[PDB]
Structure formats: C-alpha cells, structure tokens
Amino acid sequence: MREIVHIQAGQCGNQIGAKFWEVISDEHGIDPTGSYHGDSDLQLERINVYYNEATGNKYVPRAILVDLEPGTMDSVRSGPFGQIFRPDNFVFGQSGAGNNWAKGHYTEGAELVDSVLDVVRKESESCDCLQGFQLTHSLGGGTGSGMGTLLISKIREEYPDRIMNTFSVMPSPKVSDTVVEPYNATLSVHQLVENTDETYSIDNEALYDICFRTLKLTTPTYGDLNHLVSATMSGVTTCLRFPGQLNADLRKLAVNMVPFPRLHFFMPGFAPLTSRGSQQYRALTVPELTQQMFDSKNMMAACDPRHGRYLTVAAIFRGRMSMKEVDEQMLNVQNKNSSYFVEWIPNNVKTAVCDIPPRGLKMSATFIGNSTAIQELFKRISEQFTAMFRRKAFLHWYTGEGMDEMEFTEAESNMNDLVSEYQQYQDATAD
Amino acid sequence: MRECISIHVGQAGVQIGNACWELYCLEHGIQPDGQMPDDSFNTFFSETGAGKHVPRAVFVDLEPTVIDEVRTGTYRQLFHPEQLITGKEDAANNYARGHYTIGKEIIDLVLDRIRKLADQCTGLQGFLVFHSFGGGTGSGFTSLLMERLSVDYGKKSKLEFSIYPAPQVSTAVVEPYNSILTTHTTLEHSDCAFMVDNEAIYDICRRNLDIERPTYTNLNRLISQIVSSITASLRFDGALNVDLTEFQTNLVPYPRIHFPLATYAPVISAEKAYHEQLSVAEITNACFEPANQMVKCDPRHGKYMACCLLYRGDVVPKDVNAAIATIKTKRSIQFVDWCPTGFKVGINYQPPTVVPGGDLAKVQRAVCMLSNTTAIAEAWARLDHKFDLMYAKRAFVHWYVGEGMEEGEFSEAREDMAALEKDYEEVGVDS
Amino acid sequence: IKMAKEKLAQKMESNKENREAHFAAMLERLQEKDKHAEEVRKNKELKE
Ligand SMILES: Nc1nc2c(ncn2[C@@H]2O[C@H](COP(=O)(O)OP(=O)(O)OP(=O)(O)O)[C@@H](O)[C@H]2O)c(=O)[nH]1
Ligand SMILES: Nc1nc2c(ncn2[C@@H]2O[C@H](COP(=O)(O)OP(=O)(O)O)[C@@H](O)[C@H]2O)c(=O)[nH]1
Ligand SMILES: [Mg+2]
C-alpha cells in the first residue's frame, strides 16, 4: 500500500482539486516548480502517497485533470501552482455537459472516458503498490457528477480490488442556479452508494452557512467556500500523507470506518473556522478543539450530529499539543455525550495527532464521522428531487438524452433506502 | 545443541523482537555488529566463520516500514538480510488478508528461510512466535504460519508471546474479530502461549515508571524483560534451569489450558536510588499483587493449577523457601483439588540487565512468576463479549467475506472460544 | 499431520473459491451497468 491516484472532474472538481494541491504542496514544502524547499524530514517521509518523483529534486502530483469543457483547465494551468501539473495529465473535451448528468454519464462523458482511463492506466502502471483512487467532484453538475460516476464505474471495472474514495460536493439552493441539481445529485448518490468505498459528503449548504453566519461574509464566493473545503481535505488526508499509527492507508481507514457496505458517507468537521487570510494569532486550546466535534456549526455536511449517533469517528489533531491532554479531552467527550455513540461498536472513536499544523494555524482539529445524522442531507435531496419529479419538471433534458423515467424512480428509491438504513442503525440497541 | 528459532510477525512482533534481541546482546556481551570479546547463548545465536554471532530469528511483515527500520537501525549488522522478510501490501487490520489474500504469497518464502535456519541446528528444540492478536499480519499471518510449521516440523515445540489488545494503544475497531479468529486457528498448533495485555503493561509504565504517555518503546523494554526471564534458562546454564519441554510439563495440565499468567518484579524507575535493594521476600510478595501482572485479571477469583517462580541474580534457595512459606500462611492462594505440588523454583545467576538510557533501574535481584490460573479466562471473556457485540449485527463482516472468508468461520471461531471458556470453568470445579 | 496438510489446502481453496466468486459478481454487475448504457445511447439516436 503506497500510491494514491488523484482525479479531478468538472468545474467544482477542478476548482477544489487545484486548491487541494496548492494546500498540500505548501504543507509538504513544494513550490510551484515541483522543488522541495522545506526544512522538515516529515514533509518528505510519505511524499510518494501523492507525488511521483521526477528526475532530480522535483515532485509531480499524481493527478489527472478532467473536464468536458476546456475553460476551467486553462484557469488551472494559469494558476499559482498550475505549472506543477503533469502536462499529459490534463484530459479535456470540447463539448460540455451543460449541468446535465445524462450528458456527462451517457453521451459526451462516455466519448471522453477512454482518453481519461488511458492517463489513469499510465499513472497506475508506474506504481509500486497502488492503494487506489481519490476523486474530487460536485454532485449538482454534469461532468463532475455524471462523468465522475462513470469514471468510478469504469475504474472499478479495471481495478476492482483498489480503494475508491471521493470528495463529493452536494448542491444547495443557497449557492447554485442550475435548477436541476436535485436530479443530478440523486442520480449520482445512486452511483456512489454502489461504487465507492468511502465518500466525504462536502455540503455547499453547510459551507455557505459557515461563510455567511460564522465568517460574516455577506456574499460568499466559491473562493470563500473552497477555503473551507481545502482545509477539510487537508485534515482528512493528514493520516495518509504523514508518518502515523492510525488510518495510515485507504484500506485501514475504510476497515475502521465502514461497518456496513452502503454506509460509507462521512460527515467531515473542522475547527477552528477561518476566512481566507484570517489570522490565527491567538485562538484554540485542546478542550476548545475537542468541543467542536459535536458542534453542528463546525460540520461540512449540513446535519446536526446530536440528531443522530456516531457509528465510528476518526479525529485528527494537528499542531504542537499534549497527547495526554488530547486523550483526556477525547475520553471526556465520549463519557459526557454517551448517548450519541452506538454501544454495539466497541472503542469506535480513534484519535491521531500530527505535529505539522495546516497553513496559517498553529492548532487544528479534523473530524471524520460516520453518523446516522447524515440521513438529514439525503432527506433534503429526496424532498427537493420529489418536488420536481412529482411534476416531471425538466425531465425533457434527461429523456432527450435517451434516459428513461425508471432510472429516476430507482435512484430515488435507492437513496431513500440509504436513509432508512441509517435510521435502522440509529434505533438499533445492544440488547 | 538445543537451538531455539524466534519468529517475529507483524509490527508488534517485530518491534518486541527488536527489544528482545537488544537485551540478549547486552546480557551476553554481543556488540550490535555481532562481535563479542557460559556457552549456552549458542541456543539463540549461531556463529559465522568471522566469529560473528547471529540471532537464530526470522522477522516477517507484510508491509516493509517496520522491518526497514531494523535494516537501517543500530542492529542492521546483527541480522543477515535474508532473515528480514517484507511484502508490499499490509493486511490492513484484516485477518482474512493476512491469512489468505496477502499471506499466501509470502508463506513459501518465509518457510524456506525458517528451513535454512533449521538446517544450521543440530538439536532444534522448536519455535518462539511473537505477534499481536489485533493486526491483520499479527493475527492472519501467524495462524497461517503456525499451521504450516506443524506440517513441516512434526511434533516440534511451539511457544507464543501474544500481544493481547488494549484500547489505550488499539489501532483498529476490528481487533476483537482478528483476536478470536487467530486464537481459534492457532489453538491446536501451539504448545504454550504467554499473553501480554497491553493495558497491564501501559499501567505498569504509568504507575511504576512514572511515564505520563507510554510509547511502544517504553512497553517493549518492559516486555523484553519478561521474555528474557522466561528465556534466560535456555540461554544460560544456572543452578536451576527449565528447557522448552519442562516449562510445558510443569505448567500445562491439559492440551487447551496452555495459557500461563506472567507477573514480574521489581519494576523500578531509573530515578530515586533509595527505592532499592529489594529482598527476595519483597519481590516474591510483589508476584501476588495484581498490579505487577502481564494480563489484567483477578487470581483471587480463580484457582491456581501450577506456579513457577523464575529468580535472577543475587538469590539464595534458603531466602526463597522462607518467602514461599510466609506466602503459604496467607490462606488466599487457592489451588485446584487435583494439584498438590504448587511451587517449582528456578534460579539463574545473572542479575537483570537494563537498556542504557532506559526507564528501568538496575537491580541486584528480580523474579518472574508463571502461573496457570483459571482467572485468565476473564481475558478471553472480555474479548469474546466485544466480538459478540459486533457479530450480532454482522458489523464489518463484509470486509472478511470479500477476501474469501465465510461467515461460518466466524461462528466456528466463537464456538471454539465458548468451549475454551467452558474448559476453564470445568477445570476449576472440584470432583 | 497427514490429515493436517489437507485441512489447510482445503481452507485456501474454499476461500480462493469465494474470493474469486465475489469478483465474479463484481464484474457481472459492472458489465450490466454498461449494457444499459447502449440500451440508453439507443434512445438518443432513436429520439424521433
Ligand atoms: N506491545 C506492543 N504492542 C504493539 C506494538 N505495535 C503494535 N502493537 C499492538 O498490536 C495491535 C496492532 O497490530 P499490528 O502489529 O500493529 O499490525 P500488523 O501485524 O503489522 O498487521 P497489519 O498492519 O494489519 O498488516 C494493537 O493492539 C497494538 O496496540 C508494539 O511495538 N508493542
Ligand atoms: N464548493 C464549490 N462548489 C462549486 C464550485 N463550482 C461549482 N460548484 C457547485 O457544483 C455544482 C455545479 O457543478 P459544476 O462542478 O459547476 O459542473 P460540472 O463541470 O458539469 O461538474 C453546484 O452544486 C455548485 O454550487 C466550486 O468551486 N466550489
Ligand atoms: Mg502493520
């Protein structure tokens, strides 16, 4: 278990993915040329998990950039770290998906898929021991959503034994204007339930609410929302890219986090909450970081953790702090909040500490929770979907692509089953 | 002459192996390059044409990380490279991956290396197997290797040093599954097994050595001291010794009841200087204190079937007998009705050696008590209950099934554990 | 020991029986959830 192959699909996928690479490059002391200029051996210890070493001192992201639309790719290349990416790894179409899952999954996406698999195969065959894949995408769009899930299915066909991980951004009325987002999301959730091993449910509803309510940003931009996404992605991947005991690889993480196959949707949390540039000169002690695990205000999925129960929790503390203090504080939270943890999964809260804090913060905490409260996010999508589907609104955009009504009915039913499954284990007892 | 082959499996086994072999070298005056300026040490170290002393040991891991540290470390010259065996992909805390999927690829290579060591033996006594119960390699690979060793070695003695899992230092939610699966499969292949509860060791380091947050380095140094006490009788020729067979003859009354409880004393912090020197009476009294035990359990709630006291250093038989006589006046030490002769005593001349810069103080005399008590069943019960909690809901079972294991294997393993618990209950009943 | 060797070479073959057959299903799903694609690309050029 060593290399992770990263895939970025669609507008959102490429935007968040590009920010992930500038964030982690900075943490690993890699400049936009690929040269390591840091001053800590920890930065290079597990550099091979995300970077290939090119001739000499240079490091290149093992990242494949995909879109059916060329524009986003040009914006990435033009960017701060745009020059770091492997030229041959940009695979872009000309024809666009027009925020239509059917175009991304069946039409335009299907035409480009083979050119993408050719690049993923090149990266995969170079690997000493491929752990699996990591995909960043939105569920509300057409390329990220439709093509992204098509890629998952095609990759799964060729690499059925590798771990499939995603960072899936869920749509919200608060931040986007394609009216068809509930259809694209539901059709994608149906695919993820079946095809991924772990999915980080990144909710734009929660990110907008954090920016507006907490960060007091009157009109949030995607740049503001993406600063929270990149902070979360850096946190949840800490264990994979730095030397550590717990959840050191994708398989160990999945084995410790996923009790039932379908219940692989994680609710990420982050403390402290920061705005682009907002120092972080004096803030956050160990008891303070620990308390924000149950804080709905700190959740990257618009769910209240106190409205459900945690099946499994992984908590990653970053910065210079006491391991004794972390252990005490973590135990206190489980004892005080007994009722929000399932009794039939013993020692279900696992903690890890990494000496390297993320950029701009001296202390941080990342939470990965497998909570039954995630059903609130799926319920929201189902009710938005049904409000439209009841009236068969915008169905012409999908049927016009060759899709059938049954697929819509099936995707919805599968997602409602997922909600029902979370409710079942929420109500289950250690009798 | 009377050789013993040591096999170190998985992270726990390899890391404990590092501690053991470091201690043996200090005890026999062997430098980290194998050079040395009794003669019984030859049971554990072979000799080359260059006068170098090489451990009769094999280090195995399915991931290279841990062993890579041995081959870069201080004792890189002590071992020949062929006896340090590593795979690429770990067992990802999955018994099924360790036993089947991944294990099956390296098994033949590991046995070929063991065969090469056995060919250098004129009177091979058998094997000492060090592993964790919790990790996928420690659990899965060990049971696979134990089965293969019974086939290739006929009726050759096999003793285990098993790391019983603890939540303070636990890395996986699935450790109860791995523990039960390995115990069931290995039971018919092991002659005697010494369990080491990581919580007991964690608590001794905290209580006796004043270590706020004990690390594996702290735990292993203490473990190594107990292993050295058990193996001193094989590596040295004292006034009172016990070979592979005499240990088993004295402590094992029935095939399945082969789990002695170890208790060590004294454990003194390298500070103070006034907290010594402890008499033979004082160290003997300390063996009957549950705080000095290697497994957490209550002997006062169980019955003894055998008691072996292994003394080391400045100890006289008259001192020992006086100490045992006062202990016999404390009525509280109950033996089974079918056992008369309770105390078998051994004295080995060499005082306990400590690692320079270690946490342990140098003492003139120490003692290790190996007792076969029915109270050890409490450790099985704790493990079995955690297994049952998860298994009732089939939580995480899919990870094992996916690797080709069948659900029936889980039922079988648990029923065998129920029979083992029943055996300890039946053994304690009077006629 | 005679009977022992076989118990193990059975274990590793009823496992390898399964491990193979759970990637039998893995692919048959993966081929059907592709057969549908043509059956749907169908309705697109068929759209009249
Ligand atoms: N005493 C002690 N216990 C250890 C050590 N390393 C791991 N453990 C314990 O063993 C269990 C974890 O299993 P590991 O040995 O780390 O894993 P592994 O055998 O390498 O297997 P995989 O990594 O899954 O392939 C937990 O209970 C740990 O607390 C060590 O050096 N000393
Ligand atoms: N957080 C975040 N969401 C985005 C971003 N760009 C688009 N989205 C969201 O993604 C969805 C639209 O999908 P998009 O990725 O633009 O389309 P695609 O190129 O066809 O996958 C909606 O839910 C948008 O709110 C971005 O940069 N950040
Ligand atoms: Mg390991």
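Chains as they are written, first to last, in the working numbering: chain X, 2 to 432; chain F, 133 to 563; chain C, 25 to 72. Cβ coordinates follow ideal geometry from the N, Cα and C atoms, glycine included.
What three-state label does DSSP hand residue i in the structure shown?
i: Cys212/X; result: helix
i: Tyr399/X; result: helix
i: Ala438/F; result: strand
i: residue 1/X; result: Summary: the structure shown does not reach residue 1/X, with chain X confined to residues 2 through 432, and so no result is reported for it.
i: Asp68/X; result: strand
i: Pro431/F; result: helix
i: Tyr443/F; result: strand
i: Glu179/F; result: strand
i: residue 75/F; result: Given that chain F is displayed from residue 133 to residue 563, the structure contains no residue 75/F and the question cannot be resolved.
i: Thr395/F; result: strand
i: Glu344/F; result: coil
i: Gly110/X; result: helix
i: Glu54/X; result: strand
i: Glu195/F; result: coil
i: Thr150/X; result: helix
i: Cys128/X; result: coil
i: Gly230/F; result: helix
i: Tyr282/X; result: coil
i: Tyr160/X; result: coil
i: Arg321/X; result: coil
i: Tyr311/X; result: strand
i: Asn348/X; result: coil
i: residue 581/F; result: In the structure as shown, chain F begins at 133 and stops at 563. Residue 581/F is therefore absent and cannot be evaluated.
i: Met301/X; result: coil
Given a threshold of 16 other Cβ atoms within 10 Å of its Cβ, counted over all protein chains shown, does residue i qualify as buried or as exposed?
i: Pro62/X; result: buried
i: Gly255/F; result: exposed
i: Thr73/X; result: buried
i: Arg321/X; result: exposed
i: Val202/F; result: buried
i: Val180/X; result: exposed
i: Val448/F; result: exposed
i: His29/X; result: buried
i: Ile25/C; result: exposed
i: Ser154/X; result: buried
i: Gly149/X; result: buried
i: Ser116/X; result: exposed
i: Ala249/X; result: buried
i: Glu292/F; result: buried
i: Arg444/F; result: buried
i: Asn310/F; result: buried
i: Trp531/F; result: buried
i: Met27/C; result: exposed
i: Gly57/X; result: exposed
Can you give the beta carbon distance from residue i to residue j, rounded, assuming they're within the 8 Å contact cut?
i: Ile217/F; j: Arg245/F; result: 6 Å
i: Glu221/F; j: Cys130/X; result: 6 Å
i: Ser360/F; j: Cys152/F; result: 7 Å
i: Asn480/F; j: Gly370/F; result: 4 Å
i: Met171/X; j: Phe21/X; result: Going by Cβ atoms, the distance from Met171/X to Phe21/X rounds to 17 Å, so no, they are not a contact pair.
i: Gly149/F; j: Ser264/F; result: Rounded, the Cβ-Cβ distance is 12 Å, inconsistent with contact.
i: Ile203/X; j: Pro269/X; result: 7 Å
i: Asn166/X; j: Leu251/X; result: 6 Å
i: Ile346/X; j: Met522/F; result: 6 Å
i: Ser365/X; j: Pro306/X; result: So it is not a contact: roughly 19 Å between Cβ atoms.
Under 7 Å between beta-carbons, which chain D residues line up against residue i? List them in chain order, please.
i: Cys130/X; result: The question asks about chain D, but that chain is absent: this structure's protein chains are X, F and C.
Segment contact flag, the stretch 105–119 of chain X with the stretch 68–75 of chain X, C-beta cutoff 8 Å, min 3 pairs: With a cut-off of 8 Å, the stretch 68–75 of chain X and the stretch 105–119 of chain X count as touching, because enough Cβ pairs lie within range.
Which residues count as close to ligand 3 when the rule is a CB under 6 Å from any of its heavy atoms, in chain order? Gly142/F, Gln143/F, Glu195/F, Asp222/F, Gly267/F and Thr269/F
Hey, is the stretch 484–499 of chain F in contact with the stretch 396–403 of chain F, meaning 3+ C-beta pairs nearer than 8 Å? yes
For the pair the stretch 302–316 of chain F and the stretch 157–172 of chain F, tell me if three or more CB-CB distances fall below 8 Å. no
Across the stretch 314–323 of chain F and the stretch 275–289 of chain F, are there enough close Cβ pairs to call them in contact, namely three or more that are closer than 8 Å? In the pairwise beta carbon analysis, the stretch 314–323 of chain F is classified as touching the stretch 275–289 of chain F: at least three pairs are separated by under 8 Å.
Inter-stretch contact at 8 Å, needing at least 3 Cβ pairs: the stretch 411–427 of chain X / the stretch 326–333 of chain F: no
Using 8 Å as the cut-off, can you tell me whether the stretch 204–217 of chain X makes contact with the stretch 404–424 of chain X, which would need three or more C-beta pairs spanning the two stretches below that distance? no
Whether or not the stretch 321–333 of chain X and the stretch 225–245 of chain X are in contact is what I'm after, with contact meaning three or more pairs of Cβ atoms, one per stretch, closer than 8 Å; do they touch? no
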